[PDB]
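Take the sequence shown: its letters are residues 1 to 3, 5 to 149, 151 to 167, numbered as in the deposited numbering.
Working notes for the structure below.
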Amino acid sequence: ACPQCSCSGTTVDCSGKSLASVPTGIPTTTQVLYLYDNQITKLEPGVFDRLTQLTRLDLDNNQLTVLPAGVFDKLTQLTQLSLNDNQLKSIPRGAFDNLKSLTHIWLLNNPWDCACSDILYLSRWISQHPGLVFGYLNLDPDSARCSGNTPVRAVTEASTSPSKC
């Protein structure tokens, strides 16, 4: 079943619907899931676990404050992930480790908290995958910037502390 969303084949378009939450009952056949331009702050843990066919997941332009750990762990076919234009401070340790098909991720325009050692995962990950990180127009791994705005990948690491979290 299609969820306030419009579905056409394996595309589920829930964009621009003032949604405060990800609709339940997204079909497991879904390949393209648009959730951008909404008012989502929190995700249900495990919300995408059955969506093993996903190729694109657009979460940009929401109010996301945190991601659940493991939230992308089953998405082994995901090629494009947009997380820009949210309120994220860090990425859970290991969150992208299973994303073996990833070719484009957008991370910019989030208030990354580089003073907290929780940032080290994301900083190290961007450092190893600069060719995957896009800005609004093209490749731009420096576009993920520390709040207050050195690039997250350039965080030296004596800058951070578990105490400033």
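Ideal Cβ positions, reconstructed from N, Cα and C, are used throughout, including at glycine.
Counting every other CB atom within 10 Å of its CB across the protein chains shown gives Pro-164 a total below 16, marking it as exposed.
Cβ neighbours of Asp-114 within its own chain (closer than 7 angstroms, five residues either side excluded): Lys-90, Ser-91, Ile-120, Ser-148. As summarised for the region 105–149, the continuous beta strand (DSSP E) elements at least 3 residues long and confined to that stretch are 105–107, given in chain order.
Ranked by Cα distance from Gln-54, the options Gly-136, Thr-31, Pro-93, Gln-5 are led by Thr-31. For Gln-54, no beta strand (DSSP E) run applies, since DSSP gives it neither H nor E. The Cβ atoms of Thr-80 and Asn-99 lie no closer than 8 angstroms to each other. Between the alpha carbons of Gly-10 and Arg-155 lies a distance of about 38 angstroms. Between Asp-59 and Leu-36, the C-beta spacing is below 8 angstroms.
When DSSP states are grouped into helix, strand and coil, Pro-24 belongs to the coil group. Bridge partners of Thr-12 according to DSSP: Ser-9, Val-33. When DSSP reads this structure, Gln-81 sits in a beta bridge with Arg-57, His-105. Within the same chain, and ignoring the five residues on either side of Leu-133 in sequence, the residues whose Cβ sits closer than 7 angstroms to its Cβ are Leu-103, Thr-104, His-105, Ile-106.
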